[PDB]
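Scroll down for the structure; my scribbles are underneath it.
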Amino acid sequence: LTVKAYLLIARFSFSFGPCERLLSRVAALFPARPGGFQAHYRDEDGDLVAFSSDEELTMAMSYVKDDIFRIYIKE
Amino acid sequence: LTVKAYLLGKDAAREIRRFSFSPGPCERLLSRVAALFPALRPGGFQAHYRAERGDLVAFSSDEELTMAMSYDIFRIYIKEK
């Protein structure tokens with residue numbers, strides 16, 4: 001997928017643990033600490049639901065069919 | 001089969017988490033909740049669900065949960081101990 005990060009912004013690619021590999025890729029891309037932010041995705045109700053495990057990222061792989069995974073990050 | 005566990009903080013939500021669900025039922029459900037939320041520890045929270053009229057009603061037994069699931073998404077509301 002093409003991940004579109006959002007700081008509450010980035011565009012990188014992901015080739016599919018995949019979770020921390022994605023979280024560390026964001027942590028290393030954005031210079032400002034690992035374990036100091038919280039990843040999120042947008043559900044069908046419009047809320048921002050946090051995910052931090054392989055179990056949850058798969059459910060996020062469901063809730064994005066816009067060809068681009070959008071992640072909103074609180075620090 | 002899809003639990004959307006709200007984390008109450010400040011009557012309002014703080015951290016929303018969603019996961020699939022199907023070793024009792026209530027224990028497994030509480031086990032997944034204490035493992036998905038970093039702020040939560042086992043035995044240090046209270047799971048709820050909305051009644052037909054909207055009131056938050058707490059549960060902690062498999063006998064409650066099977067009846068509590070009578071209402072395609074199961075929404076749980078968690079209060080910290």
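Within each chain, counting starts at residue 1; across the structure tokens, chains are named A, B, ... in the order shown, with ligands numbered 1 upward in that order.
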I need the chain A residues near chain B as a PyMOL selection string; criterion: at most 10 Å, counting only C-alpha atoms. chain A and resi 38+40+43+47-53+55-60
Extract the full set of alpha helix (DSSP H) residues from range 39-69 of chain A according to DSSP on the backbone, and format it as a PyMOL selection string. chain A and resi 54-62
Pick from A:4, A:10, A:67, A:54 nearest to residue 30 in chain A, counting only C-alpha atoms: A:10
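Excluding range 21-34 of chain B and any residue on its chain fewer than 5 positions from it, the residues at most 9 Å away by only C-alpha atoms are residues 1, 2, 3, 5, 39, 40, 41, 42, 43, 44, 45, 47, 59, 60, 61, 62, 63, 64, 65 and 66 of chain B.
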Given only C-alpha atoms as the basis, pick out the residue of B:73, B:51, B:78, B:57 nearest to residue 9 in chain B. B:78
Extract the full set of strand (DSSP E) residues from chain B according to DSSP on the backbone, and format it as an MDAnalysis selection string. chainID B and resid 2:9 12:20 45:50 56:58 74:80
When you draw a straight line from CA of residue 12 in chain B to CA of residue 74 in chain A, how long is it in Å?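 Rounded to one decimal, the two atoms are 17.6 Å apart.
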Calculate how many Å separate CA of residue 7 in chain A from CA of residue 72 in chain A, rounding to one decimal.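 CA of residue 72 in chain A lies 5.9 Å from CA of residue 7 in chain A.
Ranking A:75, A:61, A:44, A:39 by their shortest atom-to-atom distance to residue 5 in chain A, with only C-alpha atoms included, puts A:39 first.
Here CA of residue 68 in chain B stands at a distance of 24.9 Å from CA of residue 46 in chain A.
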Give the answer as one residue: which of A:27, A:68, A:32, A:73 has the shortest atom-to-atom distance to residue 9 in chain A, using only C-alpha atoms?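 Using only C-alpha atoms, residue 9 in chain A sits closest to A:73.
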